[PDB]
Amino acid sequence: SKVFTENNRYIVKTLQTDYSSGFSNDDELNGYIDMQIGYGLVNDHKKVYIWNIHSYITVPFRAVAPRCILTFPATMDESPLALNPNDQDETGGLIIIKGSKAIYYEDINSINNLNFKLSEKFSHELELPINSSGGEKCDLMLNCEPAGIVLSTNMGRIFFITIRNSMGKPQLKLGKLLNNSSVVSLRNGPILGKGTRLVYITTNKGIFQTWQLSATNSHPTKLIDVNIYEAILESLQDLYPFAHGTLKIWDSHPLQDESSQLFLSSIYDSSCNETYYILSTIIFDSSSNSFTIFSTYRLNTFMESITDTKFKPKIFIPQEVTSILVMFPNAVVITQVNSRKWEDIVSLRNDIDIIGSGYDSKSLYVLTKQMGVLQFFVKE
């Protein structure tokens, strides 16, 4: 509703939502936006706050902050029956990872403002093999419905969790373990049919895996399991020998054609304290489990180190010209290429904090603690 800049490359504007910067007296906020479900979430150390993106719900869970993800409402695709009046009010669900306990609320409507003692009786819970004693904690979460949900821990373990059975009824089951080391990217791939979709996993060691996950009684399969670290290092070492010992893999994003991925890395030149961010386009051959680096680009408009150990930069690629957005703590860099490279930056003021993001087919949505949701729409 408020456009802050529009030029021939992009629009940056607010997205009016039910997010409020006064949900909590707590500076540290976890959160993200799910444009596909239509709701955003923030939590502190006490409560999760669920808010509509189209103009809220408080779920007390009581310490360190849990990790929360939203789930889709129980859909009944292609029924012969007339729809219920009451089925048009289900909003979707909520999963809370508190320590080693997964808590799943099928429907958040019935738990609004309920104390945890009693709302817990509305939930399905799953004890996960997380070594809380040893310092293990939930790190990334991906909603990969209709298949289910994927969790990673700060110590590299990956759980595939199912939230329906074979008949759409809510449950919470550990489907499979998909295994210092740590996952840097969990990404949705294409849906393959009833209850099945691909998920892409990238680790900081450069392991890239394509998993076929299903809620439909099938058991997970890897279609690709390769390590890209040395290939990326070799693509850089001749001009940038300081890549040796500094190459770090931050994120990855699938491209259009379903057989290629874009990876975001950095290297560091200690002579002049410059961090260089690298976009590597990689083509994967599923037949032979092999890959090649199609292209390598260095960002020219942003060379800052990421010193916030929490912040993880994130790629967005709208679904000719290819546009690659990278969200940094206080900037969004826009790169475009013929599907010559060129690059724009949107620099944010330093006194606002990004606390998560979301996306649709064309835009990146950035959740800021102090000003709510910002939309970055790249013109293609």
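The first residue of the shown sequence is 1; numbering continues from there.
Going from residue 349 to residue 350, the model skips none of the deposited residues; the chain is continuous there. According to the entry, the deposited sequence has 4 to 9 residues without coordinates between residue 339 and residue 340. Here the stretch with the larger average CA B-factor, out of 21-29 and 352-360, is 21-29.
Looking at mean Cα B-factors across 221-229 and 245-253, the upper value is held by 221-229.
The PDB entry assigns the greatest CA B-factor among 239, 149, 167, 293 to 167. Within the listed group 103, 201, 130, 161, the record reports its top CA B-factor for 130. Placement of the Cα temperature factor of residue 335 within the chain: lowest third of the modelled residues, per the deposited record. Per-chain ranking of the deposited C-alpha B factor places residue 285 in the middle third. In the PDB entry, a CA B factor belonging to the highest third of its chain's modelled residues is recorded for residue 60. Ranked within its chain, residue 314 lands in the lowest third, by CA B factor from the PDB record.
The PDB entry assigns residue 145 a C-alpha temperature factor belonging to the middle third of its chain's modelled residues.
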